[PDB]
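Here are the chains, one letter per residue:
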Amino acid sequence: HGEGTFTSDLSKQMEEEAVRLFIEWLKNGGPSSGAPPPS
């Protein structure tokens, strides 16, 4: 998900934020952490 603070291309930014969150999720151990990945 994103911030929900954008009026232009919000859903596009949300996708970009989702990628960032997934990367950070991996940086937090990813699947080895036991925590489900972000959506």
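Residues numbered from 1 in each chain as written, not as in the entry; some residues may be left out. Heavy atoms only, no water.

Judging from the entry metadata, solution NMR is the method by which this structure was determined.

Novice: How do you make sense of the environment of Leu21 when you look at a structure like this?
Specialist: With respect to the helices and strands, the residue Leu21 is situated in helix α1 (residues 10-27). On a C-alpha basis, the gap between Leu21 and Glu3 in space is 12 Å, while along the polypeptide they are 18 residues apart. Ignoring sequence-local partners within four residues, the contact set of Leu21 consists of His1 and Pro38. (Helix = DSSP H or I, 4+ residues; strand = E, 2+ residues; numbered from the N terminus. Contact = heavy atoms within 4.5 Å.)

Novice: How do you make sense of the pattern of salt bridges when you look at a structure like this?
Specialist: Any two side chains of opposite charge can pair if their charged atoms end up close together. Tallying each qualifying case throughout the model produces three salt bridges. The shortest N-O distance in the salt bridge between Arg20 and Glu17 comes to 2.7 Å. Taken together, the residues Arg20 and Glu17, both in helix α1 and three residues apart, mark about one turn of the helix. Beyond isolated ion pairs, a larger network of salt bridges with shared partners links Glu17, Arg20 and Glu24. (Salt bridge = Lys/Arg side-chain N within 4 Å of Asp/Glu carboxyl O.)

Novice: What's the story with α1 in this structure? I'm lost.
Specialist: Note that an α-helix has 3.6 residues per turn; residues three or four places apart therefore point the same way. For α1, with 18 residues, the first-to-last C-alpha span of 25 Å sits near the 26 Å given by 1.5 Å per residue. Regarding α1, the residues found buried are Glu17, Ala18, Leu21 and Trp25. All buried residues of α1 lie within an arc of 115 degrees about the axis, which places them on one face of the element. Across from the buried face of α1, at angles greater than 90 degrees, the exposed residues are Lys12, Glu15, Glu16 and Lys27. The positive-phi residue at the C-terminal boundary of α1 is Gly29, with phi of around 115 degrees. (Expected span 1.5 Å × (residues − 1). Buried < 20%, exposed > 50% of the residue type's maximum accessible area, 1.4 Å probe, protein only. Arc of directions from axis to C-beta.)

Novice: Looking at this structure, I do not really get the environment of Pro38. What am I missing?
Specialist: Relative to the helices and strands, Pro38 is located in the segment after α1. Spatially, the C-alpha atom of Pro38 lies 9.5 Å from that of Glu24, the residues being 14 residues apart in sequence. Ignoring sequence-local partners within four residues, the contact set of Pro38 consists of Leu21, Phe22 and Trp25.

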